[PDB]
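Chemist: Before we start, here is the structure in question, set down as C-alpha cells.
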Amino acid sequence: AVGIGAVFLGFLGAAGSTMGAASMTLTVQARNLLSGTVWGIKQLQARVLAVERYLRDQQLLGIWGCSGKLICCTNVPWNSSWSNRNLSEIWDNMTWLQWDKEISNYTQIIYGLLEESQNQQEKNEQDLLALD
Amino acid sequence: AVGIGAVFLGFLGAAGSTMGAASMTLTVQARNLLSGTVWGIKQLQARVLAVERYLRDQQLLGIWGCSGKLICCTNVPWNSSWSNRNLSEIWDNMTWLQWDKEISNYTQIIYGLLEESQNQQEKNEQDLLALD
Amino acid sequence: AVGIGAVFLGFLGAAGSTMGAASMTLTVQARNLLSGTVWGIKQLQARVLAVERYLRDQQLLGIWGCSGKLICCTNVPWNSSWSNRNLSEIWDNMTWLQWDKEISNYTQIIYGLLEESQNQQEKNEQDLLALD
Amino acid sequence: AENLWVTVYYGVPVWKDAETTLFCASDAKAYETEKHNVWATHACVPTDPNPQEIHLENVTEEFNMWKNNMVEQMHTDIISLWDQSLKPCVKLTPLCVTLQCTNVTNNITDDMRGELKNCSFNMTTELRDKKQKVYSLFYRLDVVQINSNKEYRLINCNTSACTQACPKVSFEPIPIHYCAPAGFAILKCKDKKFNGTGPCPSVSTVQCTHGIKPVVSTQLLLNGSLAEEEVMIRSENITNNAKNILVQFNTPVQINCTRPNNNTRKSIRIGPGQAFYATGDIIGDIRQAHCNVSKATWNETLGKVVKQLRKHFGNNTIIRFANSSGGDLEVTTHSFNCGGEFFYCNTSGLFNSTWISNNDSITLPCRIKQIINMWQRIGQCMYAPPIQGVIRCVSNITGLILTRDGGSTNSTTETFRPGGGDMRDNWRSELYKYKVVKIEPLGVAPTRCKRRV
Amino acid sequence: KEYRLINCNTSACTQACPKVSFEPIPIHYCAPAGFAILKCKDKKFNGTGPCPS
Amino acid sequence: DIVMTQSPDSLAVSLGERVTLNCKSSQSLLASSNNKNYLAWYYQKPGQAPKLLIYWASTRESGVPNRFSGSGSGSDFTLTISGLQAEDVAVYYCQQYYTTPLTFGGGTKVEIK
Amino acid sequence: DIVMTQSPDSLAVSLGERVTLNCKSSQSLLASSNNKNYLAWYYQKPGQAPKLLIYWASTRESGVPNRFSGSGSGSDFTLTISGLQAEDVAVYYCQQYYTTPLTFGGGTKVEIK
Ligand SMILES: *[C@@H]1O[C@H](CO)[C@@H](O[C@@H]2O[C@H](CO)[C@@H](O[C@@H]3O[C@H](CO[C@H]4O[C@H](CO)[C@@H](O)[C@H](O)[C@@H]4O)[C@@H](O)[C@H](O[C@H]4O[C@H](CO)[C@@H](O)[C@H](O)[C@@H]4O)[C@@H]3O)[C@H](O)[C@H]2NC(C)=O)[C@H](O)[C@H]1NC(C)=O
Ligand SMILES: *[C@@H]1O[C@H](CO)[C@@H](O[C@@H]2O[C@H](CO)[C@@H](O[C@@H]3O[C@H](CO)[C@@H](O)[C@H](O[C@H]4O[C@H](CO)[C@@H](O)[C@H](O)[C@@H]4O)[C@@H]3O)[C@H](O)[C@H]2NC(C)=O)[C@H](O)[C@H]1NC(C)=O
Ligand SMILES: *[C@@H]1O[C@H](CO)[C@@H](O[C@@H]2O[C@H](CO)[C@@H](O[C@@H]3O[C@H](CO)[C@@H](O)[C@H](O)[C@@H]3O)[C@H](O)[C@H]2NC(C)=O)[C@H](O)[C@H]1NC(C)=O
Ligand SMILES: *[C@@H]1O[C@H](CO)[C@@H](O[C@@H]2O[C@H](CO)[C@@H](O)[C@H](O)[C@H]2NC(C)=O)[C@H](O)[C@H]1NC(C)=O
Ligand SMILES: *[C@@H]1O[C@H](CO)[C@@H](O[C@@H]2O[C@H](CO)[C@@H](O)[C@H](O)[C@H]2NC(C)=O)[C@H](O)[C@H]1NC(C)=O
Ligand SMILES: *[C@@H]1O[C@H](CO)[C@@H](O[C@@H]2O[C@H](CO)[C@@H](O)[C@H](O)[C@H]2NC(C)=O)[C@H](O)[C@H]1NC(C)=O
Ligand SMILES: *[C@@H]1O[C@H](CO)[C@@H](O[C@@H]2O[C@H](CO)[C@@H](O)[C@H](O)[C@H]2NC(C)=O)[C@H](O)[C@H]1NC(C)=O
Ligand SMILES: *[C@@H]1O[C@H](CO)[C@@H](O[C@@H]2O[C@H](CO)[C@@H](O)[C@H](O)[C@H]2NC(C)=O)[C@H](O)[C@H]1NC(C)=O
Ligand SMILES: *[C@@H]1O[C@H](CO)[C@@H](O[C@@H]2O[C@H](CO)[C@@H](O)[C@H](O)[C@H]2NC(C)=O)[C@H](O)[C@H]1NC(C)=O
Ligand SMILES: *[C@@H]1O[C@H](CO)[C@@H](O[C@@H]2O[C@H](CO)[C@@H](O)[C@H](O)[C@H]2NC(C)=O)[C@H](O)[C@H]1NC(C)=O
Ligand SMILES: *[C@@H]1O[C@H](CO)[C@@H](O[C@@H]2O[C@H](CO)[C@@H](O)[C@H](O)[C@H]2NC(C)=O)[C@H](O)[C@H]1NC(C)=O
Ligand SMILES: *[C@@H]1O[C@H](CO)[C@@H](O)[C@H](O)[C@H]1NC(C)=O
Ligand SMILES: *[C@@H]1O[C@H](CO)[C@@H](O)[C@H](O)[C@H]1NC(C)=O
Ligand SMILES: *[C@@H]1O[C@H](CO)[C@@H](O)[C@H](O)[C@H]1NC(C)=O
Ligand SMILES: *[C@@H]1O[C@H](CO)[C@@H](O)[C@H](O)[C@H]1NC(C)=O
Ligand SMILES: *[C@@H]1O[C@H](CO)[C@@H](O)[C@H](O)[C@H]1NC(C)=O
Ligand SMILES: *[C@@H]1O[C@H](CO)[C@@H](O)[C@H](O)[C@H]1NC(C)=O
Ligand SMILES: *[C@@H]1O[C@H](CO)[C@@H](O)[C@H](O)[C@H]1NC(C)=O
C-alpha cells in the first residue's frame, strides 16, 4: 500500500493515520530515533540516555524472533480476551495512539509469552538439529 | 526442560545449577546485563562502560553465525584435545563457573576458528548465489 | 581467496590492495572500529561518539536485508548509469579508496532504493505468510 | 549475467579526512610518577614508547602540515594545561608593595650596570596585626622605579596579581602520545624527501603519535626530531616573506647553558599556609649567565643549511644571516627553560654570516627573568621561584625558524633573520608527519548474485 | 599574656558551616550494569577463604 | 620502521652448561587481538640455509628437542638454552613478522670457548 | 534472609462487619521485570491443611468468593475482608515466594468476639 507522491513523508507524519497506513512508513520513525563548561555533562547524559533506550528496544527485539526485520511474525496466538474486536476494525479504523491505550493493561502479559515462545522455539530447533 | 513453578527465577539464580539446567534460563542474565556536582561523570562513565561491553559482546556474536539467536550452532567441530571428557559429564555434572576454568586456556583459539568458519561460510554462500 | 601466511594481517592492512582482495579481510576493520579533572569529559564524549557512529552504521545495515552477515546481497540491480564499467575492472583493478570517489555522487540514491526494496520485500513476505 | 546486483559490505577499509579531538597519553615510566609533581600524571592513559604501527602498501595520500589540525588542539591543550597547574598555587596579592631598593653589595662599575637590586619591604606576617621588614634580590627586568629616595615596584603591579609557580611541580618536558579514539586512525609519512605538502607515497597507520617532549623555545627549537640524512627546509610558500621557514637538520648542535651564580632560597611567611620563596645571598662571585655552542660544528651546520637553501633560490645567490629586527624580549632573543629557570640568550653571535656562491666555542650571553608573561595573556603573569646552586644544562639544537626579509629593488642577496613568533611553528615541526582520518565502513559494490528468497 | 591559634602557621582554617550537619545517614553502594555484588550469609566466616552461602 | 636489536654480539662459552640470549624490539610486537606474540627465532649454520627454532615467540618447532625455550612477551624477548651441544654452536636470529618490512636481528654468533 | 512480619498477633471481632490485616516485608518483593508482586496469602483451619487465598499479591483463587481483597505493592501488604463469615475465622498467613528460603508470616489468628 505505497504509491507515487512527492511530499516529504517525515517523522511522526502518519501518527494520526490509521494503523494499516502508518505501517507503510515505519523506517522513518526508526531512522529518526537515534541520531537526533558544565552543559557538556547534560548533553552527554542525554546522548547516553538515547543510546541506552535504543539498546533496550533492540534487546527486546533480539530475544524474540526478529532482530532486524522491523516487521516480524511469531507463534503465539492473539488471545481474544485481550481486545475482543474484529480484524477489520483495527487496520482501517484506529491509530497507534488509540490502540496503545486499549492494550496497555494487557501489555507485559504479551511480552512474557513472546519470550516463552521464542525460548521454546530455540530449544525445539536445537533438538531438531541434535536428532540429525 | 522447563516446568511449572512460581518462584521468581532471577538473575544469577542458576549459577550453581548444572549447565544443562542453567541453559533453560539465559534470557534472564541477558536481560539484566544492560539496564542495570562531579559524581555525574562517574555515573556517566560507568554507563558508557556498560553499553561498550554490551556492544563488544554483540559484535563478537554478530561476526559469527548468530546475531540474535541467543543459542546458536556452528560448523567447527569440538577438538577433543581441548577438554577430553564425555558429553554426559558436562551437561549433567558441572556448572558454567567450573567449565569456565577448564577451557579458559583453550579460549581465543576457539574464537579465531569461529570467525574463520563464518568468513568461509559467507564466501561459500556468496559463490553459491553467484553461480546461480 | 585466502591462503596460509603468518604475518599479522592487521587494521587497514589491505587498504591499498584491490577490492577483490581487501574483501577477504573485513572482520579486522569491523573488529577495530568499536573498542579502540576535566579531561574525562573529552574522553567520554569521544567514546559516546564512537558508539553512536557504530549504532548508526548497524542501524543502516539493520533496516536492509543484512543485520549481522557482513557480506549481504540484495534485490536491486546495478544501474549501469552509475559506474558504466566492467565487472572485471573493479575487483581486480581498483581499491576501495578509489571506488569511494567514483560513486560518492551516486551515493544516497542507492540507499533509498535499498530501503525501498527491503520494505517491499518485508510486505511481500508478510502477505505471503498471510495468504497461508 | 551482464545485469549486476548491488551488495553492501561492512568493514570496508576507506577513510575520509576529518577533524576530531585526540586524547593525551604518557609512557608507563611517565605514568609511574605521581602527586602532580609534573603536569596531569594520572589524567592521561599510559601507553608504550614508540606505539605500534603497520605499513600500508600501494597507498598515496596528500598531506599538508600548514592547514593541518591537531596542532591547534595541542596548542590549546598545552595552554589550558599550563593554566590548570596554577589554581592551587599562591597569588602575590600582598607583595604588590613599595620596594625600597638599593644596589647589590658588589664592586660597582659606573659604566656598566648591576643586574640585581637588593630590595627591602614590609611583609605581612602570619598574624594580621604584626608586619615585618624583609629583603630580597630582584632583577632589573622585574622591577621599575616609581616617581632623593629610591623606591621601586614590580612591573606587573598595574595589570595582575602574579601567581607564583609552585616549587613542588616541575616544568621538565615529558613526551606526550596523541592517541586517536575508536573509528579514527592516524597516518604517518615515512617518506624521506617529503616537504610536508603534497602526496606521500609511504604512509603507515599508527594508534598513537611518537613522543613529543613539550619544549618552549622561540628561536632554535631544542630536543626536537632530527632529519634523516640531510637538512630539510620547510615552508608553506617560499616567496611569501611573512611565512616562517622551518629548518630541520641532521646532526644536532650541542649547546651548554648555565647560571654560575650560587643562590640562597629564603622562605618568607606571607600568611597562614602562604610562603614566598625569595633570593637570599649570592654565595661567591656575581657572574653572568651564558651559553656555549661549538664554533666548528655551527659553521658546519650553517654551510649545510646554505647548501640546502640554494636549491630554492638559484645557485648564484649570496646568503647572509643577520640578527632579529626588533620586538619584545622573547621574540628577539632565544628563550628557554633550563630546569625551572627562564633564560633569554642573545643570538647575535650565531647569525652573523655571509655565504658566497663559489676547538673554540661561541659564548653568547643570557638574561634571566623571574616574572613572565607566557602566551601574552591579558591578566595572567607568573612568578618563578629561585633555585639553589649553579645551574647547567645540555641540549641539542635541532632546527631553526628563519624569516626572509622583504627583498625588493633588485635584491642581489637574500637575508634571513631568526624569529620565534607563534608557538605553533614550534609545534608544527613535530606533527608534520601525522594526520588523522575517519575510517568509514559500509562500502557498496556490484557483483553477479541476487539474494535467494 | 598573648596567645594565638595552633594552626596560625599552617593554614587558614575553614569553618564548618552550621547549616550542614555531620550526622551519619546510611549509604547503599550500588553496582552498575554488568557487575554484581555477592554477600556472604555464612555464620562462622572470618572474612578469609571459601564462603558456602 | 621496526628496529630489532640483539643485546650481545657474541657468546663464547663451554659446552654442557646453559646460556641465555636476548632480543629487544623498538616496538611492542604483542598482538592485542590474538593475545599472541610475533618472534621467529632462527638458527643458521656456517654455509647453510637457516631453520626455525621458535615460532609464536614461545613455541618450539617440530624436530627441535626440549632443550630450547623462547620466553617473554611485550617488547623484550629471551631465548634460553638448557644444555649446549656441538650441533648448536652457530648463529641465532630474532625476527619480527608483525609488519612489513620484515627485519631481522643482528645475529649473535655463539661458539665454543 | 527475608523477614515476613505480620503486624497484629490476633483479631477477635464480631461477625458480619469487615476487617483488615497487614503483612510487612523486610525486603521489597516487587519484581521489576514482571511488574508483578509476590505474596501468597494462605488460610489454615484448626487441624486442616492450608489453602491459598491470594496469589500474585492481589488475585483471589478460584473457589474463593468476591469478599476478599489482596492489596498493596512494594514492601507492605494488606488483606482486606469485606464480610466476615463463620467459615473464615481461623489463621491467615502471608508468604514471600520471591527467593529461597521460603519464609512465612507469623500467623494472625482471627476468631469471634
Ligand atoms: C633537552 O634534553 C636534555 C636531556 O634530557 C635535558 O637535560 C635534562 O634536563 C633535566 C631538567 O632540566 C635534568 O634534570 C635535573 O638534573 C639535575 C642534575 O642532576 C642530575 O644528576 C644527578 C646525579 O647523577 C641525578 O640524580 C639526577 O636525576 C640528574 O640526572 C637535578 O639536580 C634535578 O633534580 C632535582 O629536581 C628534580 C625535580 O623534580 C627532583 O626530582 C630531584 O630530586 C632534584 O631536586 C633534575 O633531575 C637532567 O639531568 C638533564 N639531563 C642531562 C643529561 O643533562 C634538557 O633539559 C632538555 N632541554 C630543555 C630546554 O628542556
Ligand atoms: C647581543 O650581543 C651583541 C654583541 O655580543 C651586542 O652588541 C653590542 O652592543 C653594544 C651596546 O649595546 C654596542 O655598543 C658599544 O657600547 C660601548 C659602551 O660604552 C661603546 O663604548 C662602544 O664603542 C666602542 O667601539 C666603537 C667602534 O669600535 C669605538 O669607535 C668607540 O670608541 C668604543 O671603543 C660600542 O659602541 C656594541 O658595539 C655591540 N657589539 C657589536 C659587535 O656591534 C648586542 O647589544 C646584544 N643584544 C642586546 C639586545 O643587547
Ligand atoms: C643586532 O646587532 C646589532 C649590532 O650589534 C645591535 O645594534 C646595537 O644595539 C644596541 C642596543 O642593544 C645599541 O646600543 C646603544 O647603546 C647606547 C648606550 O647609551 C644607547 O644609548 C643606545 O640607545 C643603544 O641602546 C648599539 O648602538 C647598536 N649598534 C648598531 C651598530 O646598530 C642590535 O641591537 C642587535 N639586535 C638584537 C635583537 O640583539
Ligand atoms: C641586602 O640588604 C640587606 C639590608 O636590607 C643586607 O642585610 C644586612 O647586611 C649587613 C652586612 O653584613 C648586616 O650587618 C645586617 O645585619 C644585615 N641585615 C639583615 C636584616 O639581614 C644584605 O646583606 C644585602 N644583601 C646583598 C646580597 O646585597
Ligand atoms: C647604585 O645604583 C644607582 C642607580 O640607581 C647608580 O646611579 C647611577 O648608576 C649609573 C650606572 O650604574 C652611573 O652611570 C651613574 O653615574 C650613577 N649616578 C650617579 C649620580 O652617580 C649608583 O652609581 C649605584 N651605586 C651607588 C654606590 O650608589
Ligand atoms: C616598613 O615599615 C616601616 C614602618 O611602617 C616604614 O618606616 C617608616 O618610613 C617612613 C618614611 O621614611 C617614616 O616617615 C616612618 O617614620 C617610618 N616608620 C618607622 C616605624 O620606622 C618603612 O619605610 C617600611 N619599609 C621598609 C623597607 O623598611
Ligand atoms: C614541496 O614539494 C611539492 C611536491 O611534492 C611541491 O609542489 C609542487 O610544486 C610544483 C612547482 O615546483 C607545482 O607545479 C606543483 O603543482 C606542486 N604540487 C603540489 C601538489 O602542490 C612544492 O612546491 C614543494 N614546496 C616547497 C616549499 O618546496
Ligand atoms: C653553594 O653554596 C653552598 C653553601 O650554602 C655550598 O654548600 C656547602 O658545601 C660545602 C662543601 O662543598 C659543605 O661543606 C657545606 O656543608 C655546604 N653547605 C650547605 C648549606 O649545603 C655549595 O657547595 C655551593 N655550590 C657550589 C656549586 O659551589
Ligand atoms: C658542553 O658540555 C659538555 C659536557 O656536558 C662537554 O663535553 C665534554 O667535553 C670535554 C672536553 O672539553 C670532555 O673531556 C668530556 O668528556 C665531555 N663530556 C661529555 C659528557 O660529553 C662539551 O665539550 C661542551 N661543549 C661546549 C661547546 O662547551
Ligand atoms: C643530543 O643528541 C645526541 C645524538 O646526537 C644524543 O646522544 C645519544 O643519546 C642516546 C641516549 O640519550 C645514546 O644512547 C646515544 O649513544 C647517544 N649518541 C651519541 C652520539 O652521543 C644526546 O642524548 C642528545 N641530548 C643531549 C642533551 O646531548
Ligand atoms: C580463617 O578461616 C580460614 C578457614 O576458612 C583459615 O584458613 C585456613 O587455615 C589453616 C590453618 O588453620 C590452613 O591450613 C589453611 O590453608 C587455611 N586456608 C585458607 C584458604 O587460607 C584461617 O586460618 C582463618 N583465619 C583466622 C585469622 O582465624
Ligand atoms: C486495565 O485496567 C483499568 C483499571 O482497572 C481498566 O479501567 C481497563 O479497562 C483495563 N484495560 C482493559 C483493556 O480492559
Ligand atoms: C592452561 O595452562 C596452565 C598453565 O600452564 C595449565 O596449568 C592448564 O592445565 C592449562 N589448561 C588446560 C585446560 O590444560
Ligand atoms: C558528481 O558531480 C561532480 C560535480 O558535478 C562531477 O564532477 C562528477 O563527475 C559526478 N560523479 C560522477 C560519478 O559522475
Ligand atoms: C603599568 O606601568 C608601567 C610603568 O609606568 C607602564 O609602562 C604601563 O603602561 C602600565 N600599564 C597600565 C595598564 O597602566
Ligand atoms: C645548481 O647546481 C647544481 C649542481 O650541484 C644543480 O644540480 C642545480 O640544478 C643547479 N641549479 C640551478 C638553478 O642552476
Ligand atoms: C660579527 O662577527 C664579527 C667577526 O666574527 C665579530 O667581531 C662581531 O662581534 C660580530 N657581531 C656581533 C653583533 O656580535
Ligand atoms: C607552628 O607553631 C607551633 C608552636 O610553636 C610549632 O610547634 C609548630 O612546629 C609550628 N609549625 C610550623 C610549620 O612552623
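Every chain in the C-alpha cells has a letter given in the order shown (A, B, ...), and although residue numbers restart at 1 in each chain, ligands are simply numbered from 1 in the order shown.
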If we count only C-alpha atoms and set the cut-off at 10 Å, which residues sit around residue C:2, ignoring sequence neighbours fewer than 4 positions away in its own chain? Please answer as a PyMOL selection string.

Modeler: (chain B and resi 120) or (chain C and resi 21+24-25)

Chemist: Could I get the residue neighbourhood of ligand 9 at 9 Å, counting only C-alpha atoms and all ligand atoms, as a PyMOL selection string?

Modeler: chain D and resi 253-257+291-295+359-363+392-395

Chemist: Please write out the residues within 8 Å of ligand 14 as a PyMOL selection string, counting only C-alpha atoms and all ligand atoms.

Modeler: chain C and resi 82-83+101-106

Chemist: Within 9 Å of chain B, which residues of chain A are there when counting only C-alpha atoms? Please give them as a list in words.

Modeler: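 Matching residues, ligands excluded from the count: residues 41, 44, 45, 48, 51, 52, 53, 55, 56, 59, 60, 61, 62, 63, 64, 65, 66, 67, 68, 115, 119, 122, 123, 126 and 129 of chain A.
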
Chemist: Write the selection just made, keeping N, CA and C atoms, as an mmCIF file, in the first residue's frame?

Modeler:
data_model
loop_
_atom_site.group_PDB
_atom_site.id
_atom_site.type_symbol
_atom_site.label_atom_id
_atom_site.label_comp_id
_atom_site.auth_asym_id
_atom_site.auth_seq_id
_atom_site.Cartn_x
_atom_site.Cartn_y
_atom_site.Cartn_z
ATOM 1 N N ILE A 41 27.989 17.947 30.255
ATOM 2 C CA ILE A 41 27.500 16.838 31.070
ATOM 3 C C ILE A 41 26.023 16.571 30.791
ATOM 4 N N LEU A 44 25.698 15.169 27.330
ATOM 5 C CA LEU A 44 26.306 13.854 27.275
ATOM 6 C C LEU A 44 25.407 12.808 27.921
ATOM 7 N N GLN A 45 24.745 13.164 29.026
ATOM 8 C CA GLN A 45 23.826 12.214 29.641
ATOM 9 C C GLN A 45 22.543 12.077 28.832
ATOM 10 N N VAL A 48 23.629 9.549 26.142
ATOM 11 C CA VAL A 48 23.723 8.164 26.593
ATOM 12 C C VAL A 48 22.351 7.621 26.988
ATOM 13 N N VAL A 51 21.068 6.404 23.532
ATOM 14 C CA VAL A 51 21.618 5.131 23.069
ATOM 15 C C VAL A 51 21.227 3.986 24.003
ATOM 16 N N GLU A 52 20.991 4.270 25.292
ATOM 17 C CA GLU A 52 20.545 3.225 26.206
ATOM 18 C C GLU A 52 19.122 2.786 25.890
ATOM 19 N N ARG A 53 18.250 3.743 25.558
ATOM 20 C CA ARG A 53 16.882 3.409 25.169
ATOM 21 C C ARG A 53 16.850 2.626 23.861
ATOM 22 N N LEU A 55 19.275 0.667 22.717
ATOM 23 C CA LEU A 55 19.773 -0.671 23.025
ATOM 24 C C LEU A 55 18.747 -1.516 23.768
ATOM 25 N N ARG A 56 17.958 -0.910 24.662
ATOM 26 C CA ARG A 56 16.917 -1.665 25.360
ATOM 27 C C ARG A 56 15.841 -2.147 24.395
ATOM 28 N N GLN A 59 17.281 -4.900 22.278
ATOM 29 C CA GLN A 59 17.419 -6.119 23.061
ATOM 30 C C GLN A 59 16.079 -6.817 23.249
ATOM 31 N N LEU A 60 15.001 -6.044 23.427
ATOM 32 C CA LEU A 60 13.668 -6.641 23.480
ATOM 33 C C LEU A 60 13.301 -7.307 22.161
ATOM 34 N N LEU A 61 13.687 -6.701 21.035
ATOM 35 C CA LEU A 61 13.506 -7.371 19.746
ATOM 36 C C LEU A 61 14.376 -8.618 19.635
ATOM 37 N N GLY A 62 15.654 -8.507 20.012
ATOM 38 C CA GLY A 62 16.619 -9.560 19.733
ATOM 39 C C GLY A 62 16.370 -10.862 20.466
ATOM 40 N N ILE A 63 15.777 -10.798 21.662
ATOM 41 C CA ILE A 63 15.418 -12.022 22.378
ATOM 42 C C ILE A 63 14.101 -12.603 21.896
ATOM 43 N N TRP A 64 13.452 -11.961 20.936
ATOM 44 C CA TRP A 64 12.326 -12.515 20.205
ATOM 45 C C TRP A 64 12.827 -13.004 18.849
ATOM 46 N N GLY A 65 11.885 -13.303 17.954
ATOM 47 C CA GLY A 65 12.259 -13.865 16.664
ATOM 48 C C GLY A 65 12.973 -12.882 15.754
ATOM 49 N N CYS A 66 12.549 -11.623 15.763
ATOM 50 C CA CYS A 66 13.085 -10.655 14.815
ATOM 51 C C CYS A 66 14.159 -9.781 15.445
ATOM 52 N N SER A 67 15.331 -9.752 14.816
ATOM 53 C CA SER A 67 16.438 -8.937 15.297
ATOM 54 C C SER A 67 16.650 -7.711 14.421
ATOM 55 N N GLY A 68 16.358 -7.804 13.129
ATOM 56 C CA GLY A 68 16.459 -6.660 12.248
ATOM 57 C C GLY A 68 15.401 -6.656 11.165
ATOM 58 N N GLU A 115 8.711 -14.092 24.856
ATOM 59 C CA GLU A 115 9.978 -14.696 25.272
ATOM 60 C C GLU A 115 9.842 -16.198 25.491
ATOM 61 N N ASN A 119 11.976 -18.924 23.413
ATOM 62 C CA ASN A 119 12.855 -19.879 24.081
ATOM 63 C C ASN A 119 12.457 -21.316 23.748
ATOM 64 N N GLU A 122 13.627 -21.966 20.221
ATOM 65 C CA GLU A 122 15.074 -22.178 20.197
ATOM 66 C C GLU A 122 15.448 -23.572 20.685
ATOM 67 N N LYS A 123 14.806 -24.059 21.752
ATOM 68 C CA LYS A 123 15.154 -25.401 22.215
ATOM 69 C C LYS A 123 14.602 -26.484 21.286
ATOM 70 N N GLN A 126 17.144 -26.538 18.508
ATOM 71 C CA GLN A 126 18.363 -27.208 18.955
ATOM 72 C C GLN A 126 18.177 -28.722 18.996
ATOM 73 N N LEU A 129 18.056 -30.005 15.273
ATOM 74 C CA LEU A 129 19.427 -30.167 14.797
ATOM 75 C C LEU A 129 20.135 -31.329 15.484
#

Chemist: Name all residues at most 9 Å from residue B:113 (count only C-alpha atoms; drop same-chain ones fewer than 5 positions away) and give them as a list in words.

Modeler: residues 76, 108 and 118 of chain B

Chemist: Using only C-alpha atoms, determine which residues of chain D fall within 9 Å of chain C; present them as a PyMOL selection string.

Modeler: chain D and resi 2-15+20-23+40+43-44+54-60+180-184+205+207+439+441-452

Chemist: Quick one: residues within 10 Å of residue D:228, only C-alpha atoms counted, chain neighbours fewer than 4 positions away excluded, as a PDB file with N, CA and C atoms, in the first residue's frame?

Modeler:
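Saved the output as result_29.pdb:
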ATOM      1  N   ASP D 191      58.135   8.896   4.257  1.00  0.00           N
ATOM      2  CA  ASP D 191      58.928   9.295   3.104  1.00  0.00           C
ATOM      3  C   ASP D 191      60.102  10.153   3.552  1.00  0.00           C
ATOM      4  N   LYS D 192      61.233   9.971   2.872  1.00  0.00           N
ATOM      5  CA  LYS D 192      62.427  10.739   3.192  1.00  0.00           C
ATOM      6  C   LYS D 192      62.300  12.178   2.712  1.00  0.00           C
ATOM      7  N   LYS D 193      62.218  12.369   1.396  1.00  0.00           N
ATOM      8  CA  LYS D 193      62.212  13.704   0.799  1.00  0.00           C
ATOM      9  C   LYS D 193      60.766  14.160   0.663  1.00  0.00           C
ATOM     10  N   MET D 232      66.514  19.639   5.843  1.00  0.00           N
ATOM     11  CA  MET D 232      65.267  19.866   5.134  1.00  0.00           C
ATOM     12  C   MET D 232      64.670  21.188   5.587  1.00  0.00           C
ATOM     13  N   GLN D 248      65.119  21.905   9.592  1.00  0.00           N
ATOM     14  CA  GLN D 248      65.413  20.740  10.412  1.00  0.00           C
ATOM     15  C   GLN D 248      66.661  20.075   9.863  1.00  0.00           C
ATOM     16  N   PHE D 249      67.706  19.972  10.676  1.00  0.00           N
ATOM     17  CA  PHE D 249      68.952  19.415  10.175  1.00  0.00           C
ATOM     18  C   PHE D 249      69.293  18.084  10.831  1.00  0.00           C
ATOM     19  N   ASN D 250      70.330  17.446  10.282  1.00  0.00           N
ATOM     20  CA  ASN D 250      70.547  16.023  10.514  1.00  0.00           C
ATOM     21  C   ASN D 250      71.204  15.774  11.866  1.00  0.00           C
ATOM     22  N   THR D 251      72.432  16.244  12.036  1.00  0.00           N
ATOM     23  CA  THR D 251      73.147  16.036  13.277  1.00  0.00           C
ATOM     24  C   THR D 251      72.942  17.237  14.180  1.00  0.00           C
TER      25      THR D 251
END

Chemist: Let me see if you get this right: every residue at most 12 Å from ligand 15, counting only C-alpha atoms and all ligand atoms, written as a list in words.

Modeler: residues 141, 142, 143, 144, 145, 146, 147, 152, 153, 154, 155, 156, 157, 158, 159, 160, 378 and 379 of chain D

Chemist: Taking only C-alpha atoms and all ligand atoms into account, which residues are within 7 Å of ligand 1, as a ChimeraX atom specification?

Modeler: /D:37,170,172-173,215,222-223,336-339,393-396

Chemist: Enumerate residues in contact with ligand 17: an atom-to-atom distance of at most 8 Å, counting only C-alpha atoms and all ligand atoms. Format the result as a ChimeraX atom specification.

Modeler: /D:323,348-349,352-353

Chemist: Can you pull out every residue with an atom within 7 Å of ligand 6? Use only C-alpha atoms and all ligand atoms and format it as an MDAnalysis selection string.

Modeler: chainID D and resid 99:100 120:122 133

Chemist: Could you please extract the residues within 12 Å of ligand 3, counting only C-alpha atoms and all ligand atoms, and hand them back as a ChimeraX atom specification?

Modeler: /D:111-113,219,321-334,344-352,364-366,417-420

Chemist: Using only C-alpha atoms, I'd like every residue of chain F that has an atom within 9 Å of chain C; please write them out as a list in words.

Modeler: residues 31, 33, 38, 97, 98, 99 and 100 of chain F

Chemist: Could you turn the residues from that selection into a file that holds N, CA and C atoms, as an mmCIF file, in the first residue's frame?

Modeler:
data_model
loop_
_atom_site.group_PDB
_atom_site.id
_atom_site.type_symbol
_atom_site.label_atom_id
_atom_site.label_comp_id
_atom_site.auth_asym_id
_atom_site.auth_seq_id
_atom_site.Cartn_x
_atom_site.Cartn_y
_atom_site.Cartn_z
ATOM 1 N N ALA F 31 50.482 -8.795 19.666
ATOM 2 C CA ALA F 31 49.205 -8.562 19.007
ATOM 3 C C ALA F 31 48.077 -8.609 20.032
ATOM 4 N N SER F 33 44.858 -8.452 19.547
ATOM 5 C CA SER F 33 43.686 -9.213 19.129
ATOM 6 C C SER F 33 43.860 -10.700 19.409
ATOM 7 N N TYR F 38 54.885 -12.203 18.246
ATOM 8 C CA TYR F 38 55.430 -12.461 16.907
ATOM 9 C C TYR F 38 56.949 -12.407 16.884
ATOM 10 N N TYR F 97 57.761 -10.703 12.618
ATOM 11 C CA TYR F 97 56.877 -10.815 11.469
ATOM 12 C C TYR F 97 55.536 -10.151 11.745
ATOM 13 N N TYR F 98 55.572 -9.022 12.451
ATOM 14 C CA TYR F 98 54.363 -8.275 12.759
ATOM 15 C C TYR F 98 53.978 -7.355 11.609
ATOM 16 N N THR F 99 54.959 -6.725 10.958
ATOM 17 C CA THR F 99 54.678 -5.849 9.825
ATOM 18 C C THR F 99 55.677 -6.080 8.705
ATOM 19 N N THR F 100 55.398 -5.429 7.588
ATOM 20 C CA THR F 100 56.302 -5.079 6.506
ATOM 21 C C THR F 100 56.997 -3.760 6.849
#

Chemist: For chain E, which residues have at least one atom within 10 Å of chain D, if we go by only C-alpha atoms? Write them as an MDAnalysis selection string, please.

Modeler: chainID E and resid 4 7:13

Chemist: What do you get as an MDAnalysis selection string if you pick all residues at most 7 Å from ligand 11, counting only C-alpha atoms and all ligand atoms?

Modeler: chainID E and resid 45:50

Chemist: Quote the spacing between atom CA of residue D:314 and atom CA of residue D:429 in Å to one decimal place.

Modeler: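 Separation of atom CA of residue D:314 and atom CA of residue D:429: 25.5 Å.
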
Chemist: Just the residues within 8 Å of stretch 14-20 of chain G, please, counting only C-alpha atoms, with nothing from its chain fewer than 4 positions along; format it as a VMD selection string.

Modeler: chain G and resid 78 to 86 112 to 113
